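Engineer: Please read through the structure below; I'll follow up with questions.
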C-alpha cells in the first residue's frame, strides 16, 4: 500500500458512493410515480432484473400490463441495489481511511527511526 | 475571568507552562475559597506540541509520530490537577485540534483518555439558525448514565436523540419523494423533532448587547420537563416558531400567544 | 520423543539458544544413528526475537525495524543444521509467528528462503470460519512439479489455484455491487470458487472441541478426486454449505441431502 | 561537441564532480567566446547521489530520506552556473532520476525550482506502450503563455489538458460503475481523450530498435492543428488505434484505412 | 537566492520584515510576500543539523515553529494611538502531493489568519486561479470586505457552497429535479465568474458589477462556454461607456436601488446584444 | 495512576502479581486484573526511549513482548503436589479503531489463552456487554 | 550460501565476475547469473554496519547503488581490438508485494540494460513465464 495508492481508491470510492447514493434517490422517485400508475394498470445496473427474465427465457391490453409492471419492479430493484452499493462504498471509505492513517503514521515513524539510527552511529 | 496568555511567538518552554500557570490560578479559587472554578485551555493541542518542542530541544528521542517520549505523563501531570477535591472543584473546557483529522493520532488519542464529555460546535446546525449551534447527536458525555443522571434525565435525553435521529432518516425522503407518504405517525415524529430542534436553541445573556433579546439560563429541572412534554405530545398543537429562541417551555407557550 | 523447552518466561539468552539445543538432540539421531528424524519447533520466530532483545545490549547499531544487523546470518548458521543429509533424514516442521500479521517483517521475511514447503495461515480466512486458515494462493512447495506429484495432481492443483485467483480479481466489484452485474460465466467461477474454498477446510481431531465435528483424515487420491469433480462441474447443483467442514467429497454430497 | 564523462563505474568523488567539469567546459564557450551553447547532462541526480554516498563518512547527521543536510545548497551553487547570461546563452537539457519513482523525494523535489520547463515522464504511461511517456498533466513550461506562444497554441494545449483531466477523474469511476449511465456528453470526452492520449505518442527516430516504427518529427503547426481537429470532433469516426504511434494527423487518417481491414 | 549561503536565505524574511515595519510604525501601510517559507525552513534546518542541534520530525529543529511565529506575528494592525499603520503578510508555503499536514505546512497554517488553497486538479480543469474555494479561509472575514462586495459576495458564497454539495451529481444526473438542477446551473456560471487571467487585477467596482450579473441570474440562460467572453466584453463596455455608475458604486460604496436598476438595463440590453 | 512516574506505572503490575502469587502459592485462589497493559506498555516505552534503547515497531523497544510474557506467565494453575492453588489474570488492552492487528494487541493475544473482544458498534446498538461472540475465544 | 560469513556472500559476486572476465578478455564469451543481489545487499549492509559505518536509506550503506553498479558495469562487449569477447550478466533481485518501484529494485533497474518482471498474479493465472510484457524492457 502507498498513501498515493490508497488515496486513489479512497478518492474514487468516495465518488462511487455519492453517485450510487444519487442513483437511488432517482430510483425512489420514479418508483413513487410507478406504484401509483401501477394501481390502475393491474385492473387490466438494475438488481437481478434483466437476468431473471433472461434465464427463465430459455397484445396491447397485456403489453401495457407486463410493461407497467416491469417498470415498478425495475425502478424498485435499482433503488434497493444502489441503496446497498453506497452502503458498501461507505464501509470501504471507513475501512480505507483506517488503512490510510495506519500507513501515514507508520511512514513517519519509519523515517525518523532511520535518521535516529544514522545519527547514533557517528 | 482572569486571562492567562501564552502567545505563539513565545518559546516552546513558555507555551509549555502557561497552561500550568492558568491552572495555578484556578486551583486558588478552589483550594483557598472552595468554589467551583472553570478552566479553559485553548487549545489543548498546542499544549502537547509545546511539549514536543521542549522535548526535542532537550535532545530526547521522539516517540511514535514524532511526539515526546513523555507525551502521556506531560499530560497526566496536568490533567490530574483538574478535579473535584473536598474543598471544591476545577472544571476544564479544552479546545481540541485533531491533527490530520486523525482521531487515533497520538496527540488526540492521549487526550481523550481524560475527557468526560465533548461539546461539538456545528456549522451545519448554525445554518439552521439554531444557537447555540451544539450538535445534539455528535456531542457526548460520560455521565449520561441512568446510574448517574437518573432514569428520568437519562430517558428524556435518549428520547430527544432518537426522535432527532429518526427525523434525520426521513430527511432524505421528504426532499425527494415529497413530504407525504408520511404516516399519522411519521408526520408526528417530524413535527415534534422540528419543535425539539428549536427548543434546543436559546438566547444567551452574553449576547444581549447584540441580539436586542434577553438571555435565558434554563434550569436542569425545567430542561428535562420541557423536552419531556414535547415528547409527551403536550404541545403538538403549538407551532414550531413558538419554540425558537426561548428559555423554559412556559415561554414557548406565551410566544405562541403573541404569534396568534 | 525427546522434549527440549525454553519458553516465554525465560530471559532472552535462553530463548536465543534452546533452538540450538533441540537442534543438537536431533542431529545426534541423524548422524550418530543414521535415523529418520522428525523435528517440531514452536516457534522459531521466538529465537530471532530473542536475538533482537539482547542485540542493543551487545551494543549494535540496529538494522531495519529495530532488529539486529546479524539477523540473516543468525538465522542462517542455525537453519543450515536443520537438514537432511546422506547420513540421516530430518523432516522438520517449524511454526513461524508473524508479528502484527506483517509477512514483510524482517523475521518471517528472511525465513521463506529456508523452506521447501510453506503453509501461510491467514487471519482473513480464519475469520471466514475456514480452518485450517491456509492461504491457497500464498502457500507453495518445491514438490509441486508434475514430474513428482504426477500431472493429475499437478493439474488439479493448478486448476484450483487458477479459479481462486480468478475469483480473487472479481472480488473488488463483487464488493460494491455484489453479483447481479456479473456475467453468467463469471458467476460460475464464483460458485465453484466458493465451493472449492469451502471444500479446502476440514475438521481436525485436535480441533474437535471447537469445530463441533469429528476429525477427518483424507487420503491424497480422495483429495485429487474430490477437487477434480468440483472443477469439472459435477457438483454445481450442490449448495456451498454442503462442502464446508467435511473430509472426502462423498461426505459433501451427504451433507447436501441432510441440508435437504 | 565536446564530451565529458564520469560514469557509474566511478567512485562517489568522481561522480560528485564530473558535472562541474562538464559545466565548466560549457561556461567557456558562453563567456570567453560568447556563443550559443547547448548543454546536455544525463543524469544530474547522480551529482546529488554522489554527495549522499560520502556524506556519512564526512561526519554529518543525515537529513530526511537519507540525503545529506546540504543537498539544496549543494545543488544551488551548482545549478546557478548552468545559466544563460548577457554574455552567452546556455540551453541545458538535464535528465533527472526519480528514486523509487517518488517525485517528492528530496532530490527530484529540490530540482523543480531550477527549471524553466519540465517534462515529467511516468512509468504508468510507459506501461501502456505510450512513448514518449510524458505525463500531460504534470509537465510545464514557463512560456505556456498566450502572450508568448499565442492563443491558438494556448487554447489547444489547455483544451487537451482539460479533457485528459476530465477523463482521469472518470477513469476510476467507469471502472466500477461501468459506462452506460454516462451522458453522451461524457462518453464523447472518454472517446476524444483516449484518441488524444494516443495522438500524443510518437515513434522516435532513435527508438526504431524499440518501436519497430520509422521515426517521425512533427512541425509545430502540424501538432497544433492535429489536436485542434481531434478536439473539434473532426475524427470521432476514426478508431483510437489509428491515432497510436504516428507522426502528423494525416498518418492517423491513412492508418485508419489500413486498419479499415 | 539558490546560491546564497544558508544564513542569508534564513535571514531574508526578517530583514524584509524590518523594512516593512518602518512603514507600519509610521502610520503607513505595507504588504509583504514571503516566497517561500518552505525554502527558508530548509535553510534553517541545514544550519541546525550542521551545528548538531537535535533533529525532530523531518529532521527539523525543535525551534522551527518559533522561527516562523516570531516572524509572522510582526505583521499587525496598529492603533491610532500608535499611528494606525499596518503590515499585511502573504507568506507562501509549498505543500507536497497536497499534504497540508506535513510539518512546516502545519505550523504556518496554524499561525496565520486563513489560507488560500491552490489545487492542480482545479488548475488543469480550467479553474485559474486554482483557488479551492471550499477549503480556503479568512478568519478576518467580512470585517474586511466593503459593503459593495458584501452586497454580492454573500449570496455567491452561499449558492457556491450549495453547488459544492451537489456538483458530483451533475455527470450522472440522469434525472434530477429542477430544484437541484437549478443549483448546478448557478453553480457552473458562478464558478466561471471566478475565473481570471493573470496580470490584470480588478477594481472592486468592476468585480461587483460582474458578480452581480450571474448572482442576480442574468447569465443563467447564457452558455457556460461563453461567460468568460461575456464578462470580458461586458466589463469592457461599462469601463468604457458607464464610468459614472461604477464611480457611484465606488463612492456610495454599495449598490443603490438606483444603480441597481441601471445595471439591470445595462445587462439585459447587453445580453440581448450578446446573443444576436 | 496517570500522575505517577512512569517507573511506578511500569512496576505496578509486577507488584500486584506478586501479591496474587502468595495466594497461588498457598493452596488458595486469586484473581488479578491488569487495567490496562496498554498504558503500562507506553510507560515502559517512555522509560526505554529515555534510556536511549533503539525504538522499533511503533517506537516500542524490542523487549515489550517480554514486558508482557514474563508478567502473564505467572498466572497459573498448580497441581495438588504444589497446593492446587491458582492465579487467574484478566489483563486489559485498549485497541484504537477496533484495529486488533496492532503491535501491542497482537503481542498480548499471543500470550493469553483467549480474548473477549468488545465492539463499539455493539455497544451503541445497545448490545452490552458489547461482546463479539464470533471473534472472542477461550 | 546462507551460513557463509557475510563477507564471503558480499565478495561472491565480484569473485564470480572476475572468473567471467577471463573469458571476456580472451575473445571468448561468458554468461554470469548473480542469484540474487538482494541477499548480497543484506550481507553488505551487515558487514558495513558492523564496521560502524552510519546506516543510510532503508538501513543500507549510502553506497548500495555503487555496490551493484561497479559490479554490473563489468559485464561488457569488447571490440575486436580487445578480442571481441564479452560478459553478459543476469542479476536477480527479489521484490516484495510485487513492488518494483521500491528503492533497491529501482536502484538496480537503473544500472542494467533492461528487466524481466515476473508477477505472481500472471503465474497463478496460468501465464508462465509470468513475464509482464508492459513492465519488462530491453
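The residue numbers of chain B are those assigned by Swiss-Prot, with the residues present covering 265-524 sequentially.
Just so you know, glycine gets a Cβ as well, placed from its N, Cα and C.
Got these off Swiss-Prot a minute ago, pasting:
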MOD_RES   B:312  phosphothreonine
MOD_RES   B:415  phosphoserine
MOD_RES   B:426  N6-acetyllysine
MOD_RES   B:433  phosphoserine
MOD_RES   B:480  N6-acetyllysine
MOD_RES   B:485  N6-acetyllysine
MOD_RES   B:522  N6-acetyllysine
MOD_RES   B:522  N6-succinyllysine
Engineer: For residue B:480 (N6-acetyllysine), which residues of its chain lie six or more apart in sequence with Cβ-Cβ distance below 8 Å?
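Structural biologist: Long-range Cβ contacts: B:466, B:467, B:468, B:469, B:510, B:511, B:512, B:515.
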Engineer: The residue listed as 'phosphothreonine' has how many other Cβ neighbours within 10 Å of its own Cβ?
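Structural biologist: Taking every protein chain into account, the count is 22.
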Engineer: Report, in whole Å, the straight Cα-to-Cα distance of residue B:415 (phosphoserine) from residue B:426 (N6-acetyllysine).
Structural biologist: 16
Engineer: Using Cα coordinates, what distance in whole Å links residue B:433 (phosphoserine) and the residue listed as 'phosphothreonine'?
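Structural biologist: With distance taken Cα to Cα, the residue listed as 'phosphothreonine' is 39 Å from residue B:433 (phosphoserine).
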Engineer: Given the modified residues B:312, B:415, B:485, state which is nearest to residue B:522 (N6-acetyllysine) when distance is taken between Cα atoms.
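Structural biologist: Checked the modified residues B:312, B:415, B:485; minimum Cα distance to residue B:522 (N6-acetyllysine) goes to B:485.
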Engineer: At 10 angstroms around each C-beta, which of the modified residues B:485, B:522 has the fewest other C-beta atoms nearby?
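Structural biologist: Selected from the modified residues B:485, B:522 on minimum Cβ neighbours within 10 Å: B:522.
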Engineer: Return the residue, from the listed modified residues B:415, B:426, B:433, with the maximum count of other C-beta atoms within 10 angstroms of its C-beta.
Structural biologist: B:426
Engineer: If I take the alpha carbons of residue B:485 (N6-acetyllysine) and the residue listed as 'phosphothreonine', what is the distance between them in whole Å?
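Structural biologist: Their Cα atoms are separated by 39 Å.
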Engineer: How many whole Å apart are the CA atoms of residue B:415 (phosphoserine) and the residue listed as 'phosphothreonine'?
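Structural biologist: If we compare the Cα positions of residue B:415 (phosphoserine) and the residue listed as 'phosphothreonine', the gap is 38 Å.
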